[PDB]
Amino acid sequence: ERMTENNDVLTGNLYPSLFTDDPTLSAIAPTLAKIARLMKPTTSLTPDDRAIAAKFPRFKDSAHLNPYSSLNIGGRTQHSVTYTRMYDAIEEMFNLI
Amino acid sequence: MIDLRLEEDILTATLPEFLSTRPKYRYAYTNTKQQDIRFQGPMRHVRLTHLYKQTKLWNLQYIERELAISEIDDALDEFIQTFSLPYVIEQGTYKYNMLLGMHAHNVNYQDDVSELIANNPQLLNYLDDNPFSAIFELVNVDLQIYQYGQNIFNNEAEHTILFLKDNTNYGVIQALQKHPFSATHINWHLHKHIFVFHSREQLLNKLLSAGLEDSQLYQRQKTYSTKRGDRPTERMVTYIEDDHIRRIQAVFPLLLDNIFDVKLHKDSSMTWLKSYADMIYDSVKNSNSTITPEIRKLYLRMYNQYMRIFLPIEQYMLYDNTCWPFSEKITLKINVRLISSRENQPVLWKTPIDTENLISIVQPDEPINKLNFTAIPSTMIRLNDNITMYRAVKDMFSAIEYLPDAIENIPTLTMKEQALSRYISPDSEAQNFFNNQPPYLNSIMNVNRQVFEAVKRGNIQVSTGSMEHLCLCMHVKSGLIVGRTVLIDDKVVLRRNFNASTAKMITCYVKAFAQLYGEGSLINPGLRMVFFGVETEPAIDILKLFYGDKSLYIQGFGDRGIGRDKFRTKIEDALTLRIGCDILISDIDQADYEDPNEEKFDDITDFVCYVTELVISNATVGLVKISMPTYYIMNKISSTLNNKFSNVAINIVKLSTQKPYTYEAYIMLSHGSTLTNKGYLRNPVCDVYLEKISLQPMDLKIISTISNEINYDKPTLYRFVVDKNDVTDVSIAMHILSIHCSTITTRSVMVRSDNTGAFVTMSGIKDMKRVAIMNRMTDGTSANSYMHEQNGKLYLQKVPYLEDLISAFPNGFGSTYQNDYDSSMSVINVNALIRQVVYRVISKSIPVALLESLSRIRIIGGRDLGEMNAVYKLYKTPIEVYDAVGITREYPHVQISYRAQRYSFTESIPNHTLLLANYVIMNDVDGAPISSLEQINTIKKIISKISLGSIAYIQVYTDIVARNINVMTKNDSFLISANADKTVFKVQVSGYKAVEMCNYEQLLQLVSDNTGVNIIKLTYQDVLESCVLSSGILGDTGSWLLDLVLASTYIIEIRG
Amino acid sequence: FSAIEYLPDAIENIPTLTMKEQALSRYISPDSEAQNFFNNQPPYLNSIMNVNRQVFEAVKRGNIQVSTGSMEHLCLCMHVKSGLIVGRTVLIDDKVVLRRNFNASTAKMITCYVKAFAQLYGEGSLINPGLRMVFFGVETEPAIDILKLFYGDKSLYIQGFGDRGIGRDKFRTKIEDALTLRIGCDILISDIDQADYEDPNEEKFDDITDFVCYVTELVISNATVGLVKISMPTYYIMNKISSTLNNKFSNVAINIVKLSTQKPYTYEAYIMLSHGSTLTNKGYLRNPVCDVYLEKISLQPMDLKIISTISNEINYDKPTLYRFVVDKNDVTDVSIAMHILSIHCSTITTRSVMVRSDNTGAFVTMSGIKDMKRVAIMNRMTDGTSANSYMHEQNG
């Protein structure tokens, strides 16, 4: 069945497959989880105190997703992990091709 | 589930534990194709972040197959030298708290407090208490950490715990107000941690799991068996003003009694919780309830507070002061005690007869009810028709032998015309049905499989000549090795074609051999024998494989080489026996039934007499198959004994291998001496074939439409399935089934991940006894409080309440283990069969015009009152029972009185009564035996107690046929012993000690001078009718004694 | 497998209202919490698991010999499934799948079997070449399979009754069992708790007594020897039993019996019935077992403490066990710690480790259990002329 291209997915109780944790996903069909895993962000959900502490409008105990990392962990400058998350991605994809 | 934080508290000076030999884990593997690897010990906080890629640990959770073991080990070793934690050792003792460390490694140092760690990892160390005070004073932010569940290869945080900046209570309430999904324990650890969930309906399951855990904890606290820990209660608090979650949490602390088979039989349990939490608003809001009535106030409180924790009177004694200042000594629990099913094995019910109240059949406006219902498939729990016919191998070789009974042997035209008339008469269809409705050959296949697979891998020993060494020598080809103990290694090719004649021939061999000379073994060091079977390919090979030290000469005759070869004149066989052999056997049916004319009758008689002449002129001993078997033929045989050879004698014999219901017999000939009888007049076997019976071969029904009708005897077995969604049809179904079936068997399944698709099963067999006992169900003043049957039939209104039904729905319905081979055709022992034949014809010899003969039924010989099947007068007739040990009671709704006492056989007999007694006067009143003279003396005692319109019955063994057995095979259910080798015969019923059989002559003279008392004998037309009107056929370790027992006992009736 | 058996002690057996009201008052009385604690504070079932593991792993690789019928040949026949080979000596090679569910009733039932068998006739072995027996347990799935695996030359007939198929099935009126014994069997056993403790009224008391008397009538009318589980067990019931001996059968007699498998602190007992002769007593008045249940005790189920704060105080009896760790860096606290521990514990156990490549991170351990004897012997410690050279205790 040619899956429809556009779909009213994200709003309401109908989640998209191919993006569940469910390690069975990895077991049954490799080379697919080996892709979906390369996409999940996995950074943090750091809240935002300074926003509310000035009585801005926010849902109490809100959060955000900084897409990136730091570079000054206690003043030592490790090597910008996002570079690794990018490099292994490229490497894996070209190995597959 | 949650707060598995168990204060492991490793010590800082031992964090070099890291190099542990592959820290203990937990592997599992199921059809979900998961590769789950739980982590045991202090390592449930480690989460394989997006680092560790290309490590072995990753690349193994793509191995689709089952995971080898060594891989886990060496990969873990390869992983442990990469993983690391921060720590610093210093002077003194310190604990590590093992939590912020694992976390700031779990997330690779990206949240603010991690900066407080990576820059200076002493703050992780801490003394006796409060591993967080310094931190919180130094940072002043709430600290959030996650919990990534088991099955390491998962990374989504299913929830998150959260520590508070101010361990006091006020801060707990404060932080709980926000964070729209939250919960916290009652343990002191409350002060240090709150929970935060993800969704609305992620709370529900956690709350229910914690509730089940609190049930277990309350239980194990009740008996003061509290483990080495703390946390008085497990339940939670929350501020979600959700109708559903508040309903659950309010109804919960009133059901803290039952045990909920936590995760070992996990089930609709939570669904049942939610349902019952809903099924109270229909009670606590409306009137007309079991609220009784104060539960309203209590339940309304519990539902309206959200702040107090309600502790039953026990737990409150432990929850002291340092938690929620909101609690109460709750009490007045709701009374619902529900049972729990065992492992997958099913459940059986024992529907009762005693009660105090009744339940209604169809709504109080209408007669007959009809539950037109579905049925179960056969791919579900199957149907086995295999009738277990044998215990250990000995039961495949027993036999029985009868001797002559008269001094003359002369063929008379009377017996000849008798036999001829019987021959041209067609058989009874029911009889055909009983010895063809299968299986029995499949039964010996079972024991053969047993011994074979047992010796192969089973611990079974054969001493090279045992009966077993024959048994596995059956259906096995070239696979035997004799190292003085039979072993099977290879060449295990196994025979086919055990077409029911092999067994008869081999049993005849073993019988004739044992009778020949001593039973030292089943191997003679050299022998000879022949065979006359119509087809004997296997027997020759069987025996030639059974010896091994051959030194023999075996060959069979008369094998034209046809599969189902009929017997036709079979004559070209005798000029072939110029051998002068040893033991001879012959298996020829000799039962041509096609246009039965007298010419064929005469020639077949000449033929069988010819075979006998041949066998007796030849080798000493040897059987022959007789299939007529009227004594007329046997008379002619015993006649031809005269004028030909000698004092050689004949014997009749039945075999345990023989199919039960046949007329067949074997005739054994020996060259030995005679016991001066030489003639056959009266014998049990011949008294079987000489009956012109006609019957209906009625059979089972597997109907699935229950009806509230007393339809007496089809018979049948009920079988169907209902659902669990609503419970008002399952209850009535099980009851209206209980009015028909003494035993019920239920099995439940769950396919629909919730209460939908319930599929509960019910299956039982309709017994005559329960129908008889519930025919009355009066409990009324001659009114239709349980009656008003329509035209012709009889229909019922109220049913004896079933005790434990409502409180079994969550669990307690079994789970359909491996086979569940629930059968259709049932087996019954010969003893129970005879009891049925008497509860039969006893019920038929009741004289006409004595049916309105009220009143008193007095019954001795009770002990489950099974005689009720012998009486259909349970309409306006009360019953009193005098019998042995058993709690005496009075049953008000069925007019049945049970009284336990010896009854002494000597009391008044009021006018218009009835006295039944079976095997009652057989038994030691105190332990001493009873002579036949004492027995007839007791009969004389009873005789004088006639009561002018009151008859009585009694059963007695008669010994008429015991005096000519002379050969038994050590049965386990019907024995016989001679005293001083011939005085009187003692018989041992299935288990009990011997009893003195009453001699014949005393009963003859008694019936001679009784003048109003008769003796009733039994015949097939009484045993076939009971076997066809009641389910079950035969074959529990008996099945060849039938005839004997049918001829042993008589019944004596006393009218006046 | 050991056991013990007691005989009657009086010549009369007549139920008196005195003993009946005694038993009734005891029945409606609640038990003592400490007693509940003693027979539930575990384990004992785990203890037989230990010896089972021992014999199993020993015969597998261990030099253990079973002569195919020994008590051991039963013991490893427990918790082992289809893994036995008899070459006149039991060997285990494969098929080593092992049973589960030894829920403390299997052991009682099997010990009852071995006792009744040994008492039946001579102790030549634990194998008869053909037998019969039944079971009245509330749930007996395993026992049947255990025995059917223990013989091998089956020639038997074993089947259990009254198994509704519920896991923790309570005893409730249990009556539909007796019209089912039309067998005339050999040795009979019955494991039914028969201890309903919920609203203890006299009606339930009377009916439960009638029930147990019914079970006894049934077993004695049937096979020669066979035990039964008694759980009350006031002699009033035993008086009624010995009475019902009269007027019914014979000189057959009764015996009381305790089993080594039985859990220690219980009130439970077994009643053994035999068809043999009597030693002219026929009555029970004075016996040790019955003199146990007839006590209205009330206590506190006090338990251990694992406290780690030593004090120079004579606190007499909690009791407890002390346990902690100190370091090696300086030695003036370890000495005083060990001494002020010695005033409380007759035995001390120390263990030392070294993680810090030097004296740092010392981690020396101390652990002991507080004994009353040392407290008593050091209560005095006078060595003084009626002065506080070792005293001047504060208030109280």
# chains A, B, ... in the order shown; residues from 1 in each chain; ligands from 1
call {"tool": "residues_around", "arguments": {"residues": "residue 916 of chain B", "least_positions_apart": "3", "cutoff": "7 Å", "atoms": "only C-alpha atoms", "output": "PyMOL selection string"}}
result
chain B and resi 858-860+952-954
call {"tool": "write_last_selection", "arguments": {"atoms": "C-alpha atoms", "output": "PDB file, in the first residue's frame"}}
result
ATOM      1  CA  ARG B 858     -36.188 -46.032  53.783  1.00  0.00           C
ATOM      2  CA  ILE B 859     -32.750 -46.556  52.283  1.00  0.00           C
ATOM      3  CA  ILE B 860     -29.711 -48.276  53.733  1.00  0.00           C
ATOM      4  CA  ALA B 952     -38.345 -54.575  49.905  1.00  0.00           C
ATOM      5  CA  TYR B 953     -35.324 -55.570  47.848  1.00  0.00           C
ATOM      6  CA  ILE B 954     -31.904 -57.039  48.574  1.00  0.00           C
TER       7      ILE B 954
END
call {"tool": "closest_atom_pairs", "arguments": {"of": "chain A", "to": "chain B", "cutoff": "12 Å", "atoms": "only C-alpha atoms", "output": "JSON lines"}}
result
{"residue": "A:19", "atom": "CA", "partner": "B:156", "partner_atom": "CA", "distance": 11.3}
{"residue": "A:20", "atom": "CA", "partner": "B:156", "partner_atom": "CA", "distance": 9.3}
{"residue": "A:21", "atom": "CA", "partner": "B:154", "partner_atom": "CA", "distance": 6.1}
{"residue": "A:22", "atom": "CA", "partner": "B:154", "partner_atom": "CA", "distance": 7.1}
{"residue": "A:23", "atom": "CA", "partner": "B:34", "partner_atom": "CA", "distance": 6.3}
{"residue": "A:24", "atom": "CA", "partner": "B:34", "partner_atom": "CA", "distance": 5.0}
{"residue": "A:25", "atom": "CA", "partner": "B:34", "partner_atom": "CA", "distance": 8.7}
{"residue": "A:26", "atom": "CA", "partner": "B:62", "partner_atom": "CA", "distance": 6.0}
{"residue": "A:27", "atom": "CA", "partner": "B:62", "partner_atom": "CA", "distance": 5.1}
{"residue": "A:28", "atom": "CA", "partner": "B:64", "partner_atom": "CA", "distance": 6.5}
{"residue": "A:29", "atom": "CA", "partner": "B:62", "partner_atom": "CA", "distance": 8.2}
{"residue": "A:30", "atom": "CA", "partner": "B:62", "partner_atom": "CA", "distance": 6.3}
{"residue": "A:31", "atom": "CA", "partner": "B:62", "partner_atom": "CA", "distance": 9.3}
{"residue": "A:32", "atom": "CA", "partner": "B:62", "partner_atom": "CA", "distance": 10.8}
{"residue": "A:33", "atom": "CA", "partner": "B:62", "partner_atom": "CA", "distance": 9.3}
{"residue": "A:34", "atom": "CA", "partner": "B:62", "partner_atom": "CA", "distance": 9.1}
{"residue": "A:37", "atom": "CA", "partner": "B:50", "partner_atom": "CA", "distance": 9.2}
{"residue": "A:38", "atom": "CA", "partner": "B:50", "partner_atom": "CA", "distance": 9.1}
{"residue": "A:39", "atom": "CA", "partner": "B:50", "partner_atom": "CA", "distance": 11.0}
{"residue": "A:40", "atom": "CA", "partner": "B:50", "partner_atom": "CA", "distance": 9.9}
{"residue": "A:41", "atom": "CA", "partner": "B:50", "partner_atom": "CA", "distance": 9.7}
{"residue": "A:42", "atom": "CA", "partner": "B:50", "partner_atom": "CA", "distance": 7.8}
{"residue": "A:43", "atom": "CA", "partner": "B:110", "partner_atom": "CA", "distance": 8.3}
{"residue": "A:44", "atom": "CA", "partner": "B:110", "partner_atom": "CA", "distance": 7.9}
{"residue": "A:45", "atom": "CA", "partner": "B:111", "partner_atom": "CA", "distance": 9.3}
{"residue": "A:46", "atom": "CA", "partner": "B:111", "partner_atom": "CA", "distance": 7.2}
{"residue": "A:47", "atom": "CA", "partner": "B:144", "partner_atom": "CA", "distance": 9.8}
{"residue": "A:48", "atom": "CA", "partner": "B:141", "partner_atom": "CA", "distance": 11.0}
{"residue": "A:49", "atom": "CA", "partner": "B:141", "partner_atom": "CA", "distance": 8.8}
{"residue": "A:50", "atom": "CA", "partner": "B:141", "partner_atom": "CA", "distance": 11.3}
{"residue": "A:59", "atom": "CA", "partner": "B:178", "partner_atom": "CA", "distance": 9.7}
{"residue": "A:60", "atom": "CA", "partner": "B:178", "partner_atom": "CA", "distance": 6.7}
{"residue": "A:61", "atom": "CA", "partner": "B:179", "partner_atom": "CA", "distance": 6.4}
{"residue": "A:62", "atom": "CA", "partner": "B:179", "partner_atom": "CA", "distance": 9.1}
{"residue": "A:63", "atom": "CA", "partner": "B:179", "partner_atom": "CA", "distance": 11.5}
{"residue": "A:66", "atom": "CA", "partner": "B:110", "partner_atom": "CA", "distance": 10.8}
{"residue": "A:68", "atom": "CA", "partner": "B:110", "partner_atom": "CA", "distance": 10.1}
{"residue": "A:69", "atom": "CA", "partner": "B:110", "partner_atom": "CA", "distance": 7.1}
{"residue": "A:70", "atom": "CA", "partner": "B:110", "partner_atom": "CA", "distance": 7.1}
{"residue": "A:71", "atom": "CA", "partner": "B:110", "partner_atom": "CA", "distance": 9.8}
{"residue": "A:72", "atom": "CA", "partner": "B:115", "partner_atom": "CA", "distance": 9.4}
{"residue": "A:73", "atom": "CA", "partner": "B:115", "partner_atom": "CA", "distance": 6.2}
{"residue": "A:74", "atom": "CA", "partner": "B:119", "partner_atom": "CA", "distance": 5.3}
{"residue": "A:75", "atom": "CA", "partner": "B:119", "partner_atom": "CA", "distance": 8.3}
{"residue": "A:76", "atom": "CA", "partner": "B:119", "partner_atom": "CA", "distance": 9.2}
{"residue": "A:78", "atom": "CA", "partner": "B:109", "partner_atom": "CA", "distance": 10.9}
{"residue": "A:80", "atom": "CA", "partner": "B:110", "partner_atom": "CA", "distance": 11.7}
{"residue": "A:81", "atom": "CA", "partner": "B:51", "partner_atom": "CA", "distance": 9.5}
{"residue": "A:82", "atom": "CA", "partner": "B:50", "partner_atom": "CA", "distance": 10.6}
{"residue": "A:84", "atom": "CA", "partner": "B:51", "partner_atom": "CA", "distance": 9.0}
{"residue": "A:85", "atom": "CA", "partner": "B:50", "partner_atom": "CA", "distance": 7.8}
{"residue": "A:86", "atom": "CA", "partner": "B:50", "partner_atom": "CA", "distance": 11.5}
{"residue": "A:88", "atom": "CA", "partner": "B:53", "partner_atom": "CA", "distance": 8.8}
{"residue": "A:89", "atom": "CA", "partner": "B:53", "partner_atom": "CA", "distance": 10.9}
{"residue": "A:91", "atom": "CA", "partner": "B:54", "partner_atom": "CA", "distance": 11.6}
{"residue": "A:92", "atom": "CA", "partner": "B:54", "partner_atom": "CA", "distance": 10.3}
call {"tool": "interface_residues", "arguments": {"of": "chain B", "to": "chain C", "cutoff": "7 Å", "atoms": "only C-alpha atoms", "output": "PyMOL selection string"}}
result
chain B and resi 13-14+89-93+223-225+340-342+345-350+392+459-460+863-864+885-887+926-927+990-992
call {"tool": "write_last_selection", "arguments": {"atoms": "N, CA and C atoms", "output": "short mmCIF file (atom, residue, chain, number, x, y, z; two decimals), in the first residue's frame"}}
result
data_model
loop_
_atom_site.label_atom_id
_atom_site.label_comp_id
_atom_site.auth_asym_id
_atom_site.auth_seq_id
_atom_site.Cartn_x
_atom_site.Cartn_y
_atom_site.Cartn_z
N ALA B 13 35.31 4.20 48.84
CA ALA B 13 36.60 3.53 48.80
C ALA B 13 36.53 2.20 48.06
N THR B 14 35.38 1.89 47.45
CA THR B 14 35.26 0.65 46.69
C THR B 14 34.65 0.87 45.32
N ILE B 89 38.82 9.84 46.31
CA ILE B 89 38.98 9.22 47.62
C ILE B 89 39.73 10.18 48.52
N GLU B 90 39.34 10.23 49.80
CA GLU B 90 40.06 11.04 50.77
C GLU B 90 39.99 10.39 52.14
N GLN B 91 40.57 11.07 53.12
CA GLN B 91 40.68 10.52 54.46
C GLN B 91 39.31 10.32 55.08
N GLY B 92 39.13 9.16 55.70
CA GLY B 92 37.89 8.84 56.38
C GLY B 92 36.99 7.96 55.54
N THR B 93 35.79 7.73 56.05
CA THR B 93 34.76 6.98 55.35
C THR B 93 33.78 7.95 54.71
N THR B 223 0.35 -10.48 58.92
CA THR B 223 0.99 -11.52 59.70
C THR B 223 2.37 -11.10 60.20
N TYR B 224 2.62 -9.79 60.28
CA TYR B 224 3.84 -9.26 60.87
C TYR B 224 5.08 -9.80 60.18
N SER B 225 4.93 -10.24 58.94
CA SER B 225 6.03 -10.73 58.13
C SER B 225 6.51 -9.62 57.19
N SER B 340 -8.51 -16.73 43.50
CA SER B 340 -7.48 -16.58 42.48
C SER B 340 -7.22 -17.93 41.84
N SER B 341 -7.16 -17.95 40.52
CA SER B 341 -6.88 -19.21 39.84
C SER B 341 -5.44 -19.63 40.05
N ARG B 342 -5.20 -20.92 39.89
CA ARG B 342 -3.85 -21.47 39.95
C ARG B 342 -3.18 -21.21 38.61
N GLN B 345 -3.61 -24.60 34.54
CA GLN B 345 -4.52 -25.71 34.73
C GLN B 345 -5.94 -25.21 34.99
N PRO B 346 -6.96 -25.92 34.52
CA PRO B 346 -8.32 -25.38 34.57
C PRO B 346 -8.96 -25.50 35.94
N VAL B 347 -10.25 -25.16 36.02
CA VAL B 347 -10.99 -25.13 37.27
C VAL B 347 -12.19 -26.05 37.16
N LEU B 348 -12.50 -26.75 38.26
CA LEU B 348 -13.65 -27.64 38.32
C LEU B 348 -14.58 -27.19 39.43
N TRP B 349 -15.88 -27.31 39.18
CA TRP B 349 -16.90 -26.93 40.15
C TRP B 349 -17.68 -28.16 40.58
N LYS B 350 -18.21 -28.10 41.80
CA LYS B 350 -18.82 -29.26 42.43
C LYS B 350 -20.23 -28.90 42.88
N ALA B 392 -0.21 -51.01 34.04
CA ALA B 392 1.05 -51.69 33.75
C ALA B 392 0.88 -53.01 33.00
N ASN B 459 13.72 -44.56 32.18
CA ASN B 459 14.41 -45.48 33.07
C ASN B 459 13.58 -46.76 33.26
N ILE B 460 13.55 -47.59 32.23
CA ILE B 460 12.81 -48.84 32.25
C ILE B 460 13.77 -50.00 32.00
N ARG B 863 -24.08 -43.35 51.29
CA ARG B 863 -22.71 -42.98 50.94
C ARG B 863 -22.65 -42.45 49.50
N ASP B 864 -23.20 -41.24 49.35
CA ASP B 864 -23.47 -40.45 48.14
C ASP B 864 -24.82 -40.79 47.52
N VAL B 885 -20.79 -43.85 58.49
CA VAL B 885 -20.17 -42.56 58.81
C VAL B 885 -20.51 -41.53 57.74
N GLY B 886 -20.74 -40.30 58.19
CA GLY B 886 -21.20 -39.21 57.35
C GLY B 886 -22.08 -38.29 58.16
N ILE B 887 -21.83 -36.99 58.08
CA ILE B 887 -22.55 -36.04 58.92
C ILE B 887 -24.04 -36.13 58.65
N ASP B 926 -18.78 -55.67 62.92
CA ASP B 926 -17.69 -55.21 63.77
C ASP B 926 -16.31 -55.61 63.27
N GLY B 927 -16.20 -56.56 62.35
CA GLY B 927 -14.91 -57.00 61.86
C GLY B 927 -14.86 -58.50 61.60
N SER B 990 -13.46 -54.66 44.70
CA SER B 990 -12.33 -53.90 44.15
C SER B 990 -11.22 -53.61 45.15
N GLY B 991 -11.55 -53.11 46.33
CA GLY B 991 -10.51 -52.81 47.29
C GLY B 991 -10.65 -53.53 48.61
N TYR B 992 -11.87 -53.85 48.99
CA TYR B 992 -12.15 -54.30 50.34
C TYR B 992 -11.76 -55.76 50.54
#
call {"tool": "residues_around", "arguments": {"residues": "residue 437 of chain B", "least_positions_apart": "2", "cutoff": "12 Å", "atoms": "only C-alpha atoms", "output": "list in words"}}
result
residues 385, 386, 387, 429, 430, 431, 432, 433, 434, 435, 439, 440, 441, 659, 660, 661, 697, 698, 699, 700, 825, 1032, 1033 and 1034 of chain B
call {"tool": "residues_around", "arguments": {"residues": "residue 866 of chain B", "least_positions_apart": "4", "cutoff": "9 Å", "atoms": "only C-alpha atoms", "output": "mmCIF file with C-alpha atoms, in the first residue's frame"}}
result
data_model
loop_
_atom_site.group_PDB
_atom_site.id
_atom_site.type_symbol
_atom_site.label_atom_id
_atom_site.label_comp_id
_atom_site.auth_asym_id
_atom_site.auth_seq_id
_atom_site.Cartn_x
_atom_site.Cartn_y
_atom_site.Cartn_z
ATOM 1 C CA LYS B 769 -28.293 -38.670 39.105
ATOM 2 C CA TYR B 839 -30.540 -49.219 39.799
ATOM 3 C CA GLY B 862 -26.108 -44.689 51.136
ATOM 4 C CA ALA B 870 -33.394 -46.238 40.743
ATOM 5 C CA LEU C 179 -19.358 -40.406 47.705
#
call {"tool": "atom_distance", "arguments": {"atom1": "atom CA of residue 961 of chain B", "atom2": "atom CA of residue 1048 of chain B"}}
result
6.7 Å
call {"tool": "atom_distance", "arguments": {"atom1": "atom CA of residue 340 of chain C", "atom2": "atom CA of residue 127 of chain B"}}
result
22.3 Å
